[PDB]
>>> print(open('final-v7.cif').read())   # mmCIF, N, CA and C atoms; chains and numbers go by the auth columns
data_coords
#
loop_
_atom_site.group_PDB
_atom_site.id
_atom_site.type_symbol
_atom_site.label_atom_id
_atom_site.label_comp_id
_atom_site.label_asym_id
_atom_site.label_seq_id
_atom_site.Cartn_x
_atom_site.Cartn_y
_atom_site.Cartn_z
_atom_site.B_iso_or_equiv
_atom_site.auth_seq_id
_atom_site.auth_asym_id
ATOM 1 N N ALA A 1 7.472 -32.708 -42.731 0.00 1 Y
ATOM 2 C CA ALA A 1 8.428 -32.609 -43.882 0.00 1 Y
ATOM 3 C C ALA A 1 7.788 -32.997 -45.202 0.00 1 Y
ATOM 4 N N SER A 2 8.279 -32.416 -46.326 0.00 2 Y
ATOM 5 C CA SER A 2 7.807 -32.631 -47.698 0.00 2 Y
ATOM 6 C C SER A 2 8.770 -33.481 -48.509 0.00 2 Y
ATOM 7 N N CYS A 3 8.283 -34.081 -49.631 0.00 3 Y
ATOM 8 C CA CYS A 3 9.020 -35.016 -50.479 0.00 3 Y
ATOM 9 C C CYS A 3 8.779 -34.706 -51.953 0.00 3 Y
ATOM 10 N N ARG A 4 9.460 -35.437 -52.882 0.00 4 Y
ATOM 11 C CA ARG A 4 9.322 -35.317 -54.333 0.00 4 Y
ATOM 12 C C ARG A 4 8.765 -36.648 -54.873 0.00 4 Y
ATOM 13 N N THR A 5 9.435 -37.755 -54.486 0.00 5 Y
ATOM 14 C CA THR A 5 9.069 -39.144 -54.695 0.00 5 Y
ATOM 15 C C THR A 5 9.159 -39.737 -53.279 0.00 5 Y
ATOM 16 N N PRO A 6 8.515 -40.852 -52.859 0.00 6 Y
ATOM 17 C CA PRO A 6 8.525 -41.334 -51.465 0.00 6 Y
ATOM 18 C C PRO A 6 9.884 -41.794 -50.887 0.00 6 Y
ATOM 19 N N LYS A 7 10.969 -41.959 -51.710 0.00 7 Y
ATOM 20 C CA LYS A 7 12.337 -42.282 -51.262 0.00 7 Y
ATOM 21 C C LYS A 7 13.075 -41.066 -50.667 0.00 7 Y
ATOM 22 N N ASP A 8 12.558 -39.812 -50.882 0.00 8 Y
ATOM 23 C CA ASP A 8 13.050 -38.583 -50.252 0.00 8 Y
ATOM 24 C C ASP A 8 12.607 -38.470 -48.782 0.00 8 Y
ATOM 25 N N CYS A 9 11.672 -39.352 -48.311 0.00 9 Y
ATOM 26 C CA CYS A 9 11.248 -39.499 -46.930 0.00 9 Y
ATOM 27 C C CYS A 9 12.131 -40.522 -46.195 0.00 9 Y
ATOM 28 N N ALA A 10 12.977 -41.316 -46.923 0.00 10 Y
ATOM 29 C CA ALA A 10 13.934 -42.286 -46.374 0.00 10 Y
ATOM 30 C C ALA A 10 15.015 -41.716 -45.445 0.00 10 Y
ATOM 31 N N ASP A 11 15.394 -40.427 -45.667 0.00 11 Y
ATOM 32 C CA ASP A 11 16.311 -39.644 -44.843 0.00 11 Y
ATOM 33 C C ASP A 11 15.607 -39.026 -43.611 0.00 11 Y
ATOM 34 N N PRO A 12 14.518 -38.195 -43.625 0.00 12 Y
ATOM 35 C CA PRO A 12 13.776 -37.743 -42.426 0.00 12 Y
ATOM 36 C C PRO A 12 13.071 -38.887 -41.643 0.00 12 Y
ATOM 37 N N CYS A 13 12.592 -39.986 -42.321 0.00 13 Y
ATOM 38 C CA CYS A 13 11.926 -41.148 -41.697 0.00 13 Y
ATOM 39 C C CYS A 13 12.934 -42.066 -40.993 0.00 13 Y
ATOM 40 N N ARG A 14 14.202 -42.173 -41.523 0.00 14 Y
ATOM 41 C CA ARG A 14 15.325 -42.846 -40.842 0.00 14 Y
ATOM 42 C C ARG A 14 15.928 -42.026 -39.705 0.00 14 Y
ATOM 43 N N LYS A 15 15.630 -40.712 -39.657 0.00 15 Y
ATOM 44 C CA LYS A 15 16.042 -39.827 -38.583 0.00 15 Y
ATOM 45 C C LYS A 15 14.988 -39.708 -37.459 0.00 15 Y
ATOM 46 N N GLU A 16 13.659 -39.590 -37.792 0.00 16 Y
ATOM 47 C CA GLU A 16 12.551 -39.425 -36.823 0.00 16 Y
ATOM 48 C C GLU A 16 11.943 -40.729 -36.297 0.00 16 Y
ATOM 49 N N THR A 17 11.769 -41.812 -37.121 0.00 17 Y
ATOM 50 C CA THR A 17 11.287 -43.115 -36.615 0.00 17 Y
ATOM 51 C C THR A 17 12.471 -44.058 -36.523 0.00 17 Y
ATOM 52 N N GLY A 18 13.228 -44.161 -37.638 0.00 18 Y
ATOM 53 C CA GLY A 18 14.480 -44.903 -37.686 0.00 18 Y
ATOM 54 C C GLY A 18 14.566 -45.838 -38.834 0.00 18 Y
ATOM 55 N N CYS A 19 13.423 -46.176 -39.463 0.00 19 Y
ATOM 56 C CA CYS A 19 13.376 -47.033 -40.647 0.00 19 Y
ATOM 57 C C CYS A 19 12.694 -46.239 -41.746 0.00 19 Y
ATOM 58 N N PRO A 20 13.019 -46.493 -43.017 0.00 20 Y
ATOM 59 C CA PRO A 20 12.635 -45.648 -44.137 0.00 20 Y
ATOM 60 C C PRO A 20 11.309 -46.079 -44.777 0.00 20 Y
ATOM 61 N N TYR A 21 10.202 -46.152 -43.988 0.00 21 Y
ATOM 62 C CA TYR A 21 8.865 -46.505 -44.455 0.00 21 Y
ATOM 63 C C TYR A 21 8.034 -45.222 -44.423 0.00 21 Y
ATOM 64 N N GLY A 22 7.891 -44.481 -45.551 0.00 22 Y
ATOM 65 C CA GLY A 22 7.059 -43.270 -45.566 0.00 22 Y
ATOM 66 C C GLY A 22 6.525 -43.047 -46.947 0.00 22 Y
ATOM 67 N N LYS A 23 5.277 -42.530 -47.096 0.00 23 Y
ATOM 68 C CA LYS A 23 4.654 -42.289 -48.399 0.00 23 Y
ATOM 69 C C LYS A 23 4.593 -40.797 -48.698 0.00 23 Y
ATOM 70 N N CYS A 24 4.673 -40.393 -50.005 0.00 24 Y
ATOM 71 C CA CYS A 24 4.588 -39.003 -50.477 0.00 24 Y
ATOM 72 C C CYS A 24 3.166 -38.626 -50.858 0.00 24 Y
ATOM 73 N N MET A 25 2.381 -38.270 -49.810 0.00 25 Y
ATOM 74 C CA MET A 25 0.947 -38.018 -49.866 0.00 25 Y
ATOM 75 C C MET A 25 0.711 -36.527 -49.830 0.00 25 Y
ATOM 76 N N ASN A 26 0.543 -35.936 -51.048 0.00 26 Y
ATOM 77 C CA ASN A 26 0.339 -34.516 -51.373 0.00 26 Y
ATOM 78 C C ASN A 26 1.412 -33.539 -50.851 0.00 26 Y
ATOM 79 N N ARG A 27 2.687 -33.978 -51.019 0.00 27 Y
ATOM 80 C CA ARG A 27 3.956 -33.401 -50.602 0.00 27 Y
ATOM 81 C C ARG A 27 4.190 -33.433 -49.089 0.00 27 Y
ATOM 82 N N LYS A 28 3.792 -34.525 -48.401 0.00 28 Y
ATOM 83 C CA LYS A 28 3.962 -34.697 -46.971 0.00 28 Y
ATOM 84 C C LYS A 28 4.441 -36.110 -46.719 0.00 28 Y
ATOM 85 N N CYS A 29 5.468 -36.248 -45.824 0.00 29 Y
ATOM 86 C CA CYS A 29 6.038 -37.489 -45.312 0.00 29 Y
ATOM 87 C C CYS A 29 5.124 -38.211 -44.340 0.00 29 Y
ATOM 88 N N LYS A 30 4.341 -39.194 -44.838 0.00 30 Y
ATOM 89 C CA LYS A 30 3.518 -40.045 -43.987 0.00 30 Y
ATOM 90 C C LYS A 30 4.359 -41.254 -43.588 0.00 30 Y
ATOM 91 N N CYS A 31 5.194 -41.086 -42.514 0.00 31 Y
ATOM 92 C CA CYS A 31 6.203 -42.004 -41.929 0.00 31 Y
ATOM 93 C C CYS A 31 5.620 -43.139 -41.074 0.00 31 Y
ATOM 94 N N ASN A 32 6.369 -44.264 -40.932 0.00 32 Y
ATOM 95 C CA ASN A 32 5.948 -45.472 -40.231 0.00 32 Y
ATOM 96 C C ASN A 32 7.150 -46.046 -39.458 0.00 32 Y
ATOM 97 N N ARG A 33 6.970 -47.234 -38.844 0.00 33 Y
ATOM 98 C CA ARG A 33 7.939 -48.032 -38.107 0.00 33 Y
ATOM 99 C C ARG A 33 8.352 -49.221 -38.970 0.00 33 Y
ATOM 100 N N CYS A 34 9.390 -50.005 -38.610 0.00 34 Y
ATOM 101 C CA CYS A 34 9.741 -51.250 -39.282 0.00 34 Y
ATOM 102 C C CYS A 34 9.213 -52.448 -38.426 0.00 34 Y
#
>>> encode(input="final-v7.cif", output="structure tokens")
Amino acid sequence: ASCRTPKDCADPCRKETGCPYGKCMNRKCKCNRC
């Protein structure tokens, strides 16, 4: 998934991992765990 600012990964990262830790690295959601 792609983003605009890294808070746009808070919705796909809260759906796929479950916590909203993800960076906007060249329009890609680099998601993490809590």
>>> residues_around(input="final-v7.cif", residues="residue 7 in chain Y", least_positions_apart="3", cutoff="12 Å", atoms="only C-alpha atoms", output="number ranges by chain")
Y: 2-4, 10-14, 19-24, 29-31
>>> write_last_selection(input="final-v7.cif", atoms="N, CA and C atoms", output="short mmCIF file (atom, residue, chain, number, x, y, z; two decimals), in the frame of the given file")
data_model
loop_
_atom_site.label_atom_id
_atom_site.label_comp_id
_atom_site.auth_asym_id
_atom_site.auth_seq_id
_atom_site.Cartn_x
_atom_site.Cartn_y
_atom_site.Cartn_z
N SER Y 2 8.28 -32.42 -46.33
CA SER Y 2 7.81 -32.63 -47.70
C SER Y 2 8.77 -33.48 -48.51
N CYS Y 3 8.28 -34.08 -49.63
CA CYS Y 3 9.02 -35.02 -50.48
C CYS Y 3 8.78 -34.71 -51.95
N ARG Y 4 9.46 -35.44 -52.88
CA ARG Y 4 9.32 -35.32 -54.33
C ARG Y 4 8.76 -36.65 -54.87
N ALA Y 10 12.98 -41.32 -46.92
CA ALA Y 10 13.93 -42.29 -46.37
C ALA Y 10 15.02 -41.72 -45.44
N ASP Y 11 15.39 -40.43 -45.67
CA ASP Y 11 16.31 -39.64 -44.84
C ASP Y 11 15.61 -39.03 -43.61
N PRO Y 12 14.52 -38.20 -43.62
CA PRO Y 12 13.78 -37.74 -42.43
C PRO Y 12 13.07 -38.89 -41.64
N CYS Y 13 12.59 -39.99 -42.32
CA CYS Y 13 11.93 -41.15 -41.70
C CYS Y 13 12.93 -42.07 -40.99
N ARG Y 14 14.20 -42.17 -41.52
CA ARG Y 14 15.32 -42.85 -40.84
C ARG Y 14 15.93 -42.03 -39.70
N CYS Y 19 13.42 -46.18 -39.46
CA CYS Y 19 13.38 -47.03 -40.65
C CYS Y 19 12.69 -46.24 -41.75
N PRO Y 20 13.02 -46.49 -43.02
CA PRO Y 20 12.64 -45.65 -44.14
C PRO Y 20 11.31 -46.08 -44.78
N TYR Y 21 10.20 -46.15 -43.99
CA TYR Y 21 8.86 -46.50 -44.46
C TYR Y 21 8.03 -45.22 -44.42
N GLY Y 22 7.89 -44.48 -45.55
CA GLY Y 22 7.06 -43.27 -45.57
C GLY Y 22 6.52 -43.05 -46.95
N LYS Y 23 5.28 -42.53 -47.10
CA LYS Y 23 4.65 -42.29 -48.40
C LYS Y 23 4.59 -40.80 -48.70
N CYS Y 24 4.67 -40.39 -50.00
CA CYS Y 24 4.59 -39.00 -50.48
C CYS Y 24 3.17 -38.63 -50.86
N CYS Y 29 5.47 -36.25 -45.82
CA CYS Y 29 6.04 -37.49 -45.31
C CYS Y 29 5.12 -38.21 -44.34
N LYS Y 30 4.34 -39.19 -44.84
CA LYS Y 30 3.52 -40.04 -43.99
C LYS Y 30 4.36 -41.25 -43.59
N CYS Y 31 5.19 -41.09 -42.51
CA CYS Y 31 6.20 -42.00 -41.93
C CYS Y 31 5.62 -43.14 -41.07
#
>>> select_by_dssp(input="final-v7.cif", residues="chain Y", states="strand (DSSP E)", output="JSON list (two decimals) with N, CA and C atoms, in the frame of the given file")
[["chain", "number", "residue", "atom", "x", "y", "z"],
["Y", 22, "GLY", "N", 7.89, -44.48, -45.55],
["Y", 22, "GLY", "CA", 7.06, -43.27, -45.57],
["Y", 22, "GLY", "C", 6.52, -43.05, -46.95],
["Y", 23, "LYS", "N", 5.28, -42.53, -47.10],
["Y", 23, "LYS", "CA", 4.65, -42.29, -48.40],
["Y", 23, "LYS", "C", 4.59, -40.80, -48.70],
["Y", 24, "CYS", "N", 4.67, -40.39, -50.00],
["Y", 24, "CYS", "CA", 4.59, -39.00, -50.48],
["Y", 24, "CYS", "C", 3.17, -38.63, -50.86],
["Y", 29, "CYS", "N", 5.47, -36.25, -45.82],
["Y", 29, "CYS", "CA", 6.04, -37.49, -45.31],
["Y", 29, "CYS", "C", 5.12, -38.21, -44.34],
["Y", 30, "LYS", "N", 4.34, -39.19, -44.84],
["Y", 30, "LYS", "CA", 3.52, -40.04, -43.99],
["Y", 30, "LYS", "C", 4.36, -41.25, -43.59],
["Y", 31, "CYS", "N", 5.19, -41.09, -42.51],
["Y", 31, "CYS", "CA", 6.20, -42.00, -41.93],
["Y", 31, "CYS", "C", 5.62, -43.14, -41.07]]
>>> axis_aligned_box(input="final-v7.cif", around="range 19-33 of chain Y", padding_each_side="4 Å", output="JSON")
{"center_x": 6.9, "center_y": -41.3, "center_z": -44.7, "size_x": 21.1, "size_y": 23.8, "size_z": 21.3}
>>> select_by_dssp(input="final-v7.cif", residues="chain Y", states="alpha helix (DSSP H)", output="PDB file with N, CA and C atoms, in the frame of the given file")
ATOM      1  N   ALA Y  10      12.977 -41.316 -46.923  1.00  0.00           N
ATOM      2  CA  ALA Y  10      13.934 -42.286 -46.374  1.00  0.00           C
ATOM      3  C   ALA Y  10      15.015 -41.716 -45.445  1.00  0.00           C
ATOM      4  N   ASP Y  11      15.394 -40.427 -45.667  1.00  0.00           N
ATOM      5  CA  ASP Y  11      16.311 -39.644 -44.843  1.00  0.00           C
ATOM      6  C   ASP Y  11      15.607 -39.026 -43.611  1.00  0.00           C
ATOM      7  N   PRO Y  12      14.518 -38.195 -43.625  1.00  0.00           N
ATOM      8  CA  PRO Y  12      13.776 -37.743 -42.426  1.00  0.00           C
ATOM      9  C   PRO Y  12      13.071 -38.887 -41.643  1.00  0.00           C
ATOM     10  N   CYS Y  13      12.592 -39.986 -42.321  1.00  0.00           N
ATOM     11  CA  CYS Y  13      11.926 -41.148 -41.697  1.00  0.00           C
ATOM     12  C   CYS Y  13      12.934 -42.066 -40.993  1.00  0.00           C
ATOM     13  N   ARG Y  14      14.202 -42.173 -41.523  1.00  0.00           N
ATOM     14  CA  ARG Y  14      15.325 -42.846 -40.842  1.00  0.00           C
ATOM     15  C   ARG Y  14      15.928 -42.026 -39.705  1.00  0.00           C
ATOM     16  N   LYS Y  15      15.630 -40.712 -39.657  1.00  0.00           N
ATOM     17  CA  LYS Y  15      16.042 -39.827 -38.583  1.00  0.00           C
ATOM     18  C   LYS Y  15      14.988 -39.708 -37.459  1.00  0.00           C
ATOM     19  N   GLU Y  16      13.659 -39.590 -37.792  1.00  0.00           N
ATOM     20  CA  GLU Y  16      12.551 -39.425 -36.823  1.00  0.00           C
ATOM     21  C   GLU Y  16      11.943 -40.729 -36.297  1.00  0.00           C
TER      22      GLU Y  16
END
>>> atom_distance(input="final-v7.cif", atom1="atom C of residue 17 in chain Y", atom2="CA of residue 5 in chain Y")
19.1 Å
>>> decode(input="final-v7.cif", residues="chain Y", atoms="C-alpha atoms", output="mmCIF file, in the first residue's frame")
data_model
loop_
_atom_site.group_PDB
_atom_site.id
_atom_site.type_symbol
_atom_site.label_atom_id
_atom_site.label_comp_id
_atom_site.auth_asym_id
_atom_site.auth_seq_id
_atom_site.Cartn_x
_atom_site.Cartn_y
_atom_site.Cartn_z
ATOM 1 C CA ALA Y 1 0.000 0.000 0.000
ATOM 2 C CA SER Y 2 0.949 3.680 -0.708
ATOM 3 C CA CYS Y 3 0.741 6.849 1.486
ATOM 4 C CA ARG Y 4 0.895 10.718 1.291
ATOM 5 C CA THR Y 5 2.279 11.479 4.805
ATOM 6 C CA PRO Y 6 3.135 8.476 7.209
ATOM 7 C CA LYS Y 7 -0.241 8.880 9.187
ATOM 8 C CA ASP Y 8 -2.086 7.556 6.016
ATOM 9 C CA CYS Y 9 -0.409 4.154 6.878
ATOM 10 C CA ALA Y 10 -2.211 4.273 10.346
ATOM 11 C CA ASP Y 11 -5.382 2.773 8.713
ATOM 12 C CA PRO Y 12 -3.740 -0.155 6.563
ATOM 13 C CA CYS Y 13 -1.058 -0.724 9.396
ATOM 14 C CA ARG Y 14 -3.883 -0.931 12.069
ATOM 15 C CA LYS Y 15 -5.649 -3.408 9.728
ATOM 16 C CA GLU Y 16 -2.603 -5.640 8.644
ATOM 17 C CA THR Y 17 -0.347 -5.588 11.833
ATOM 18 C CA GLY Y 18 -2.773 -3.915 14.254
ATOM 19 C CA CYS Y 19 -0.830 -0.899 15.541
ATOM 20 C CA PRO Y 20 -0.204 2.285 13.510
ATOM 21 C CA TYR Y 21 3.665 2.206 13.242
ATOM 22 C CA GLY Y 22 4.549 2.696 9.508
ATOM 23 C CA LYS Y 23 6.817 5.063 7.500
ATOM 24 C CA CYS Y 24 6.118 6.726 4.055
ATOM 25 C CA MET Y 25 9.245 5.539 2.208
ATOM 26 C CA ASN Y 26 8.948 6.545 -1.507
ATOM 27 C CA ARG Y 27 5.108 6.129 -1.460
ATOM 28 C CA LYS Y 28 5.144 2.701 0.305
ATOM 29 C CA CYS Y 29 3.823 1.655 3.771
ATOM 30 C CA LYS Y 30 6.842 0.314 5.700
ATOM 31 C CA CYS Y 31 4.663 -1.142 8.602
ATOM 32 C CA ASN Y 32 5.755 -2.451 12.075
ATOM 33 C CA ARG Y 33 4.404 -3.993 15.367
ATOM 34 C CA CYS Y 34 3.729 -2.234 18.748
#
